[PDB]
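Coordinate inspection notes
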Amino acid sequence: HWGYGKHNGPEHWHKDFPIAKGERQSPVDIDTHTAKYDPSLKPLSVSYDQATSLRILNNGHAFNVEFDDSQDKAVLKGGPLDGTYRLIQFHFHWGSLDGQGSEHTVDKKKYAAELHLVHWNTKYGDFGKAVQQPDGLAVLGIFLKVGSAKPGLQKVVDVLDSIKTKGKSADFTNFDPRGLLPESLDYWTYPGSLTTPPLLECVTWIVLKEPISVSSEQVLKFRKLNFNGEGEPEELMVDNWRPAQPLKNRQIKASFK
Ligand SMILES: NS(=O)(=O)c1ccc(-c2cccnc2)cc1
Ligand SMILES: NS(=O)(=O)c1ccc(-c2cccnc2)cc1
Ligand SMILES: [Zn+2]
């Protein structure tokens with residue numbers, strides 16, 4: 001099916017998912033000079049103290065750390081958002097080389113990877129219903145650069161050997177996603193979409209200005225994962241990012257001067 005190869009990659013997606021050419025597709029380039037400070041934007045409220053991680057899954061496109069989202073345990077509020085958005089999972093997109101991997105770009109700069117913390121609007125009752133709504137999801141995007149290790153990422157890195165191939169999952173309890181955040185919560189925000197099929201136009205994107213630093217060894221271990229299932233020819237899970245899409249009739253807003 002769809003993927004990131006020459007024959008099933010982002011240039012092909014539109015044939016099965018025509019919304020790929022839509023009016024609010026993600027990711028986008030964040031032109032820092034054109035983004036406008038919006039003094040009416042509230043501080044983000046990230047409340048992850050009660051987060052309950054359950055499982056980590058290689059889904060053949062990335063790996064998801066999944067959370068119990070059957071209660072308001074880990075929620076995102078404030079910023080551009082109206083209401084309460086529940087953390088369901090996080091995952092990353094990354095490159096084959098340190099010079100690429102992020103989906104969003106900043107003045108055309110690509111980072112080595114990008115973390116997506118995916119939340120759904122509780123007024124829609126569940127994730128499946130939320131993705132059908134224009135304000136159904138809030139995805140918190142965080143850039144990764146290669147430098148010093150991120151200690152809070154290590155527990156994720158160390159379990160990856162147990163989920164090498166598509167369809168593999170492993171218990172992953174008591175992981176605290178607060179260890180993946182940068183110090184500052186300054187952000188850019190714009191209306192967009194899922195960055196993989198089904199490419200639904202249901203996301204309020206909140207992209208943090210401050211990247212986190214991860215070590216070369218940490219990202220190298222991401223690159224040992226496989227797109228393929230067990231017993232299939234090895235294809236390394238690398239370059240699982242969609243490139244920047246046209247901004248069209250959208251304005252990117254900044255929370256900071
Ligand atoms: N991105 S997409 O969803 O439109 C798509 C789906 C499938 C295939 C494909 C490739 C080779 C053999 N069989 C099928 C190519 C593209
Ligand atoms: N990269 S992203 O954060 O925009 C993202 C999040 C979720 C999904 C998704 C949702 C429903 C079904 N299948 C996949 C696709 C992409
Ligand atoms: Zn993503």
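Residues numbered from 1 in each chain as written, not as in the entry; some residues may be left out. Chains lettered and ligands numbered in written order. Heavy atoms only, no water. Residues with missing side-chain atoms left out of burial classes, pairs and counts.

Method of structure determination, per the deposited record: X-ray crystallography was used for this entry, reaching 1.4000 Å resolution.

1. Some words on the UniProt feature "binding site: Zn(2+)" in the chain
In the UniProt entry, the feature "binding site: Zn(2+)" is given for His 91, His 93 and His 116. Across 26 residues of sequence, these annotated residues stay compact in space, with a maximum C-alpha separation of 8.2 Å. Here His 93 shows up in strand 7 (residues 85–94). In this structure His 93 touches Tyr 4, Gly 101, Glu 103, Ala 112, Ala 113, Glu 114, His 116, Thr 195, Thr 196, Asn 240 and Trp 241, once residues within four positions along its chain are discounted. At 3.2 Å, the side chain of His 93 and the side chain of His 91 are in polar contact. As for its placement among the helices and strands, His 116 is situated in strand 9 (residues 113–121). Leave out the neighbours within four places in its chain, and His 116 touches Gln 89, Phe 90, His 91, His 93, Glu 103, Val 139, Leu 140, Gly 141, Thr 195 and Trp 205. Side chain to side chain, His 116 and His 93 meet in a polar contact 3.1 Å long. (UniProt positions renumbered as here; feature names shortened; annotations may be inferred. Helix = DSSP H or I, 4+ residues; strand = E, 2+ residues; numbered from the N terminus. Contact = heavy atoms within 4.5 Å. Polar contact = N/O pair within 3.5 Å; in protein donor to acceptor, adjacent residues only side chain to side chain.)

2. Points about the coordination of the zinc ion (ligand 3)
Looking at the zinc ion (ligand 3), one finds its protein donor set to be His 91 (NE2), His 93 (NE2) and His 116 (ND1), positioned 2.0 to 2.1 Å from the metal centre. One chain supplies every donor to the zinc ion (ligand 3), and in sequence these donors are spaced H-x1-H-x22-H. Of this pair, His 93 sits in strand 7 while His 116 sits in strand 9, placing them 23 residues apart in sequence. This pair shows no difference in class: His 93 is buried, exactly as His 116 is. (Donors = N, O, S within 2.8 Å, 3.2 Å for Na, K, Ca; no water. Buried < 20%, exposed > 50% of the residue type's maximum accessible area, 1.4 Å probe, protein only.)

3. Points about the pattern of salt bridges
If the charged atoms of two oppositely charged side chains come close together, the side chains can form a pair. Evaluated as defined, the whole model comprises 9 salt bridges. Across the salt bridge formed by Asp 135 and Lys 123, the nearest N and O atoms sit 3.7 Å from each other. You can see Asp 135 sitting in the loop between helix 1 (127–130) and strand 10 (137–146) and its partner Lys 123 sitting in the loop between strand 9 and helix 1, a full 12 residues away along the chain. A relative accessible area of 26% means that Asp 135 is categorised as partly exposed. For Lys 123, a relative accessible area of 57% gives the class exposed. The partner of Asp 176 in a salt bridge is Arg 178, with the nearest N and O atoms 2.9 Å apart. Taking relative accessible area as the criterion, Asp 176 reaches 34% and is therefore assigned partly exposed. (Salt bridge = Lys/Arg side-chain N within 4 Å of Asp/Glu carboxyl O.)

4. Here we look at the site of ligand 2
Residues in close proximity to ligand 2 include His 91, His 93, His 116, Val 118, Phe 127, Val 139, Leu 194, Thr 195, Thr 196, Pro 198 and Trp 205, which together make up its full environment. In the model, a nitrogen atom of ligand 2 is placed 3.3 Å from a nitrogen or oxygen of the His 93 side chain. One of the side-chain nitrogen or oxygen atoms of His 116 is found 3.4 Å away from a nitrogen atom of ligand 2. Across the complex, the protein chains shield 78% of the 400 Å² of accessible surface that ligand 2 would expose by itself. At the level of elements, strand 7 and strand 9 are the ones that each hand at least two residues to the shell around ligand 2. Looking at the shell around ligand 2 residue by residue, the classes come out as 6 nonpolar, 5 polar and no charged. (Near = heavy atom within 4 Å. Areas by Shrake-Rupley, 256 points an atom, 1.4 Å probe, with all protein chains shown as cover. Nonpolar A, V, L, I, M, F, W, Y, C, P; charged D, E, K, R; others polar.)

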